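A quick write-up on the structure given underneath.
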Amino acid sequence: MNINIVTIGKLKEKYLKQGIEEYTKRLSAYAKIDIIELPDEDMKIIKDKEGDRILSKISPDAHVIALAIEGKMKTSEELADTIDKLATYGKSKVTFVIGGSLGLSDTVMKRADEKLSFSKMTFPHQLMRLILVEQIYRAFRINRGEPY
Amino acid sequence: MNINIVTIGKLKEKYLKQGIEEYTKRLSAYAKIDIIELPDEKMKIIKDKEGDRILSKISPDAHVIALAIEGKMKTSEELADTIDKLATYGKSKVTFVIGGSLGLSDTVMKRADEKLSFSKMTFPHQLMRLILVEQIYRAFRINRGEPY
Numbered sequence: 001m002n003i004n005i006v007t008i009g010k011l012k013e014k015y016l017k018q019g020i021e022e023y024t025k026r027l028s029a030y031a032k033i034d035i036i037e038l039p040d041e051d052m053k054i055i056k057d058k059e060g061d062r063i064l065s066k067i068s069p070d071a072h073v074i075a076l077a078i079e080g081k082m083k084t085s086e087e088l089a090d091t092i093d094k095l096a097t098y099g100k101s102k103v104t105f106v107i108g109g110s111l112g113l114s115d116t117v118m119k120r121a122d123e124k125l126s127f128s129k130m131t132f133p134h135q136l137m138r139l140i141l142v143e144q145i146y147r148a149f150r151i152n153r154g155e156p157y
Numbered sequence: 001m002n003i004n005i006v007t008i009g010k011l012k013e014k015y016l017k018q019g020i021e022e023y024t025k026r027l028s029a030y031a032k033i034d035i036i037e038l039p040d041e042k052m053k054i055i056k057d058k059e060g061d062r063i064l065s066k067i068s069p070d071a072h073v074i075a076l077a078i079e080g081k082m083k084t085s086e087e088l089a090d091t092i093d094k095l096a097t098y099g100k101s102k103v104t105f106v107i108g109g110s111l112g113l114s115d116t117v118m119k120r121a122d123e124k125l126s127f128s129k130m131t132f133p134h135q136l137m138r139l140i141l142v143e144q145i146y147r148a149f150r151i152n153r154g155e156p157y
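Below you can see the structure in the form of structure tokens.
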């Protein structure tokens, strides 16, 4: 399959860039991974604009998973389950959406096939990216039946 | 005043290390924190073996927060709160516990004064360390009203 992560803002701190580099390399063995890093920025007109800027990158064929706190908190086994089930049917494209400070436009949310929540806590989106990649790498390991 | 982090596994990845150092640095300004790493291997006897290891580093008069997937999930607000409300319970020594890949022994859990959860999904311990430290900073930052 081929995974796409559409995020907001460019990674600043090097330790995160390196960490993501690593997992991306690892996940690369199980499927294709591409991280679309697009530029950022009462005032929801910016949220909405960013919302169309994201949709511009989303494939009509991709099963979209937007990261949001009002989302379903799946287990690692459940995220793995979801991906396996998508492979079972023709769903070879999976795209994850990580909003920015502002958040995600109602339009992006409407397009999303599902909302996933990683925690009740707040994490900087730079870090959320690193967690997300690792987690997807973990989902595939689970699915390939590897102990990890 | 004093926050300890007792974890299983000597962290190598200087990317994580870089991140942890960087965050643990801003923290020493509100309280100094020390991370205790224990050597790890790579059935169950090994997990318990790691339990006493963890316990021999935990003062009996310390408030122990065990990070368990099954633990209670707080928001950065509920975490900032429980950290401040400890200073008043006559608990100046607080220790966070992050188990190895196997998990936390039975003795560690029962020694735990509270069980904290960061998500329903599993994170690698090495990565959980950077997340715990980042969250603690956020808590302090939140506690002093200072915006983060």
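Residue numbers (the entry's author numbering), protein chains in the order written: chain B, 1 to 41, 51 to 157; chain A, 1 to 42, 52 to 157.
Cβ atoms here follow ideal geometry from the backbone N, Cα and C, with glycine treated the same way.
Return the residue from the list the options that minimises the CA-CA distance to residue i.
i               : options                      : result
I67 of chain A  : A:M82, A:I107, A:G154, A:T91 : A:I107
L11 of chain A  : A:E155, A:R138, A:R153       : A:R138
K119 of chain B : B:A75, B:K56, B:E13, B:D70   : B:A75
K58 of chain B  : B:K124, B:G80, B:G109        : B:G109
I55 of chain A  : A:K94, A:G112, A:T97         : A:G112
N4 of chain A   : A:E13, A:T24, A:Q18          : A:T24
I151 of chain B : B:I20, B:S85, B:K53, B:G9    : B:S85
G9 of chain B   : B:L136, B:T131, B:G99, B:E22 : B:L136
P69 of chain B  : B:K53, B:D34, B:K100         : B:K100
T91 of chain B  : B:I78, B:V73, B:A77          : B:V73
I33 of chain B  : B:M52, B:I20, B:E41, B:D51   : B:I20
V142 of chain A : B:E143, B:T131, B:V142       : B:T131
For residue i, would you say it is in contact with chain B, using Cβ-to-Cβ distances shorter than 7 Å as the test?
i               : result
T24 of chain A  : no
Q18 of chain A  : yes
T7 of chain A   : no
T91 of chain A  : no
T97 of chain A  : no
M130 of chain A : yes
Given this structure, state the Cα-to-Cα distance separating residue i from residue j, to the nearest angstrom.
i               : j               : result
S114 of chain B : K102 of chain B : 22 Å
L64 of chain A  : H134 of chain A : 18 Å
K94 of chain B  : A121 of chain A : 38 Å
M82 of chain B  : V6 of chain A   : 27 Å
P156 of chain A : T97 of chain A  : 23 Å
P39 of chain A  : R62 of chain A  : 9 Å
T104 of chain A : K129 of chain A : 22 Å
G154 of chain B : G154 of chain A : 47 Å
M52 of chain B  : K42 of chain A  : 51 Å
Quick one: does residue i have its CB under 7 Å from some CB of chain A?
i               : result
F127 of chain B : yes
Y15 of chain B  : yes
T84 of chain B  : yes
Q144 of chain B : yes
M52 of chain B  : no
So, using beta-carbon positions, are residue i and residue j closer together than 7 Å?
i              : j               : result
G80 of chain B : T116 of chain B : no
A89 of chain B : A31 of chain B  : no
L16 of chain B : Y146 of chain B : no
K14 of chain B : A77 of chain B  : no
- Query: Hey, which unbroken runs of the beta strand (DSSP E) at 3 residues or more fall wholly within the segment 79-143 of chain A?
  - Reply: Taking only runs of at least 3 residues, the beta strand (DSSP E) segments lying wholly in the segment 79-143 of chain A are 102-107, 123-126.
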